[PDB]
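Chemist: Residue numbers (the deposited numbering), protein chains in the order written: chain A, 1 to 419; chain A', 1 to 419. A prime marks a further copy of an entry chain.
All C-beta atoms in this analysis are idealised placements derived from N, C-alpha and C, irrespective of residue type, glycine included.
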């Protein structure tokens, strides 16, 4: 089961003007689709970031994989490390923490690892969840990922979701997403408005949706002092407070003085961060993410490590398609410690996808583990062609929420310890 | 690939009078062989302890596995946990640390997990190493496991190895084992003679075998004060000093005052021990052991955890046969962090085995990863019958090094913080 060829396809798809600490999402989100093909013609799919520097590394690594076996994940990892060499790929927004050598290698590797597991599952006639110990739950709950947002991108058609710039608007957005998908947990993206206004929105969500766990995620937009004041004000309201303030030190100081656990996908984002995290305890909850922790198996290993130290697991999302959703779902289904609802941007992509439509559905807020072999998805090659053509002419090559926001408000800068 | 039946066979085989902190090995060592058979007749092998209380749990769990799928390792783990229920199985010697609920479950589970991986490998036509990411080394180095020993069991024929009760005798034993197997690392089992005599033996080994890493293992027979004096005396001589003194606290105090890393298979033996170990740093090296850490996959997860925290990995052995040796070898071959020579009792069993002879060989001190599918071994059913008949009449049901030693020296007690 040697790799014969690895096809790498950058894609772009429409995204609404979702606001965050770093500015606002651009009208196109980028991804890179990977398809691994064995000598005997079995295919596997992976999905990763579309930023140009990353795309270049994925292409370079892909070109050096033919001849390696799809079970030889350690060897494929070493080959990716060789290709990445000295390169460290940084991003412009910082919303998944710092860049490093290992995180760069893990980011490049993960697209291939997922595709190799898809192939191993197909060879065995088993879902990827079976390669990870078998599903421990039939369906994986996801949260409603709420954002403050403009009605549309300036100069472009307004989208069907409506604006959300205050508690009423956020509650209406929640009703819309929950009505459609059945989400039983709610997350609000913050760091956009003054904290008291975001606390108000959280309270409005609590009143409108009794019983549903709530999370608030300012992406490090707050000082330690502000974080403590907000955490205390929200006593008994949040499942967790996610990245209120920047850094392990500041997070640890906040965590000691607020009544709910803190979570992160910013100050702990690669394994080298974990010993410092265990010592200072900046978090009670880690949002794992196979796209930068190095694939499904490495993510599963990290879940075991976290559980051992009493750190619970959730899952971080970036704008993504159905290959990533299938991978997320198999990983969460087969990992006992991933016990919190996972995040997904899925609703915001409004049905855009490169896989056939029937395999991944939300039922009562959860995605049932696909039944087919491998990831349980089928590439729609026309849909891939449509999105690749969009990439070619979309005029965006690297995600830049801050630069895009600055085009409207020149004085804007990413909020980091700002309120 | 549902389990149809699980055959459980206790066995006994001859063992020399190997001395240790707990007394002396009995003339028979016990094991339990497990064979899992699927609905379609594919078989997998596992191997675990033969102590009566453990054997009873393995039989009870085995009876409740039919109908479960061999990929459903999480489900099989939960079924074993249900069967074990409230039972905590303790041993009489203590040489693998304390008993606990999780360790008891992991001990019972591991025999089945190894057999299920054997079957998964056979189904895929791949070695078990490929289920763990593929081999990163073609062969797994093992150490020469030296023991002080009597010439034979009192009242019984002397064995071919000779006595070893002083530095000359230990060096001669080393020449014998290294000549036969090609071991490139040496371990001395201590806690038998006063520490100065064991230090002398280590020095004699260093002079006779320049360049070969050396380890000394007193199984917690020493006080903190003595441990520090010995560690300092052996500066620059040991790869590591293994379990000089009992407990996390005492080990941490020794580690801070000796020039070589400490290792353990006594104070860190189940995952619940790891947060305290990371905090106090009793060790620089963990000897992993799939037989009580819960199988190959769980062991691999622990290896990742250790590497993350800078704890290196070796591997602990108990008297064992070729199913355990195959499992040890696939695990070590496919786990990047297992970088120290693994321990094995293999030479002491003098060719006794329940698998066919050609699959596992030592070449220059290392076992090449077997090539066949699964574990790469084949059960020899006649040999299993021979060893089961030995179990029936051997007159031993639970390992008891101390009771056996007491039959010769009534005043003897397990050495724990003794010198």
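Let me confirm a value: residue 362 of chain A is counted as buried when at least 16 other C-beta atoms fall within 10 Å, else exposed. Which label applies?
Modeler: Answer is buried; the Cβ neighbour count reaches 16.
Chemist: Ends of the beta strand (DSSP E) at residue 3 of chain A'?
Modeler: That run of the beta strand (DSSP E) goes 3–14.
Chemist: What residues are listed by DSSP as bridge partners for residue 314 of chain A'?
Modeler: BP columns for residue 314 of chain A' point to A'/287.
Chemist: On the DSSP letters alone, give me the boundaries of the beta strand (DSSP E) that residue 45 of chain A' sits inside.
Modeler: Here the beta strand (DSSP E) through residue 45 of chain A' covers 43–49.
Chemist: Name, please, each residue of chain A' whose Cβ falls closer than 9 Å to the Cβ of residue 278 of chain A.
Modeler: Per Cβ cutoff of 9 Å: 275, 278, 279 and 309.
Chemist: Could you tell me whether the Cβ of residue 75 of chain A comes closer than 9 Å to any Cβ of chain A'?
Modeler: Yes, its Cβ sits closer than 9 Å to a Cβ of chain A'.
Chemist: Just reading off the beta strand (DSSP E) that residue 160 of chain A is part of, what are its end residues?
Modeler: Where residue 160 of chain A is concerned, there is no enclosing beta strand (DSSP E), given that its DSSP letter is neither H nor E.
Chemist: Using a C-beta cutoff of 9 Å, does residue 301 of chain A count as contacting chain A'?
Modeler: Taking Cβ atoms only, chain A' reaches closer than 9 Å to residue 301 of chain A, which makes this a yes.
Chemist: Within 8 Å, do at least three Cβ pairs link the segment 315–335 of chain A' to the segment 128–144 of chain A'?
Modeler: Taking 8 Å as the limit for Cβ pairs, the verdict is that the segment 315–335 of chain A' does touch the segment 128–144 of chain A'.
Chemist: Check the Cβ of residue 305 of chain A' against every Cβ in chain C and list those closer than 8 Å, keeping chain order.
Modeler: The chain inventory of the structure shown lacks chain C, comprising the protein chains A and A'.
Chemist: Starting from residue 233 of chain A', follow its DSSP beta bridges and name the residues at the other end.
Modeler: DSSP lists no partner for residue 233 of chain A'.
Chemist: Cα separation between residue 126 of chain A and residue 77 of chain A?
Modeler: The alpha-carbon atoms of residue 126 of chain A and residue 77 of chain A are separated by roughly 24 Å.
Chemist: Using a beta-carbon distance below 9 Å, is residue 159 of chain A in contact with chain A'?
Modeler: False, the Cβ-Cβ gap to chain A' never drops below 9 Å.
Chemist: At least one CB of chain A closer than 9 Å to the CB of residue 336 of chain A': is that the case?
Modeler: Judged by the 9 Å Cβ criterion, residue 336 of chain A' is in contact with chain A.
Chemist: Could you give the DSSP three-state label for residue 254 of chain A': helix, strand or coil?
Modeler: Helix.
Chemist: Does chain A have any CB closer than 9 Å to the CB of residue 71 of chain A'?
Modeler: Interface residue, yes.
Chemist: Going by the beta-carbon positions, is the gap between residue 152 of chain A and residue 412 of chain A smaller than 9 Å?
Modeler: No, these two residues do not count as a Cβ contact at 9 Å.
Chemist: Scan the segment 129–142 of chain A' for residues whose Cβ lies nearer than 7 Å to a Cβ of chain A and list them as they occur along the chain.
Modeler: Per Cβ criterion, the list reads 130, 133, 134 and 136.
Chemist: Nearest by alpha-carbon distance to residue 35 of chain A: which of A/172, A/409, A/410 and A/378 is it?
Modeler: Per the Cα distances, A/378.
Chemist: Say whether the segment 94–111 of chain A' touches the segment 284–301 of chain A', bearing in mind that this needs 3 or more beta-carbon pairs closer than 8 Å, one atom from each stretch.
Modeler: As far as the Cβ criterion goes, the segment 94–111 of chain A' touches the segment 284–301 of chain A', which means the pair count is three or higher.
Chemist: Any C-beta of chain A within less than 7 Å: which residues of the segment 364–381 of chain A' qualify?
Modeler: So the list is empty, because no residue satisfies the distance condition.
Chemist: Would residue 66 of chain A' count as contacting chain A if we go by Cβ distances under 9 Å?
Modeler: Taking Cβ atoms only, chain A never reaches closer than 9 Å to residue 66 of chain A', which makes this a no.
Chemist: Go ahead and label residue 112 of chain A' buried or exposed: buried means 16 or more other beta carbons lie within 10 angstroms of its beta carbon, across all protein chains shown.
Modeler: Buried: at least 16 other Cβ atoms inside 10 Å.
Chemist: If you compare alpha carbons, which of A'/27, A'/60 and A'/119 is closest to residue 70 of chain A'?
Modeler: Residue 70 of chain A' has its Cα closest to that of A'/119, out of A'/27, A'/60 and A'/119.
Chemist: Hey, is residue 386 of chain A''s beta-carbon within less than 9 Å of any beta-carbon in chain A?
Modeler: Residue 386 of chain A' does not count as touching chain A.
Chemist: Taking the runs of the alpha helix (DSSP H) that are 4 residues or longer, which of them lie wholly in the segment 22–99 of chain A?
Modeler: Here the runs fully enclosed are 52–63 and 73–84.
Chemist: With a threshold of 8 Å, are at least 3 pairs of Cβ atoms found where one atom belongs to the segment 258–277 of chain A' and the other to the segment 216–229 of chain A'?
Modeler: The segment 258–277 of chain A', when compared against the segment 216–229 of chain A', does touch it at the 8 Å Cβ threshold.
Chemist: Could you tell me the distance, in whole angstroms, from the CA atom of residue 278 of chain A to the CA atom of residue 42 of chain A?
Modeler: Their Cα atoms are separated by approximately 42 Å.
Chemist: From residue 326 of chain A to residue 170 of chain A', what distance separates their C-alpha atoms?
Modeler: Near 59 Å, if we compare the C-alpha coordinates of residue 170 of chain A' and residue 326 of chain A.
Chemist: Would you say residue 108 of chain A' lies against chain A (beta-carbon separation less than 9 Å)?
Modeler: It does not: the Cβ of residue 108 of chain A' has no partner Cβ on chain A nearer than 9 Å.
Chemist: Quick check on this structure: which residue in A/310, A/68 and A/124 has the alpha carbon closest to the alpha carbon of residue 337 of chain A?
Modeler: Residue 337 of chain A has its Cα closest to that of A/310, out of A/310, A/68 and A/124.
Chemist: Look up residue 20 of chain A in the DSSP assignment and give the residues it is bridged to.
Modeler: A/23.
Chemist: Is DSSP giving residue 139 of chain A' helix, strand or coil here?
Modeler: Note: residue 139 of chain A' maps to strand in three-state DSSP.
Chemist: Taking just the CA atoms, how far does residue 184 of chain A' sit from residue 351 of chain A'?
Modeler: Rounded to the nearest angstrom, the two C-alpha atoms are 20 Å apart.
Chemist: Got a sec: is the Cβ-Cβ distance from residue 272 of chain A' to anything in chain A below 9 Å?
Modeler: By this cut-off, residue 272 of chain A' is an interface position.
Chemist: Could you list which residues in chain A' have their beta carbon closer than 8 Å to that of residue 123 of chain A, in chain order?
Modeler: Ordered by position in chain A', the residues that pass the 8 Å Cβ test against residue 123 of chain A are 124.
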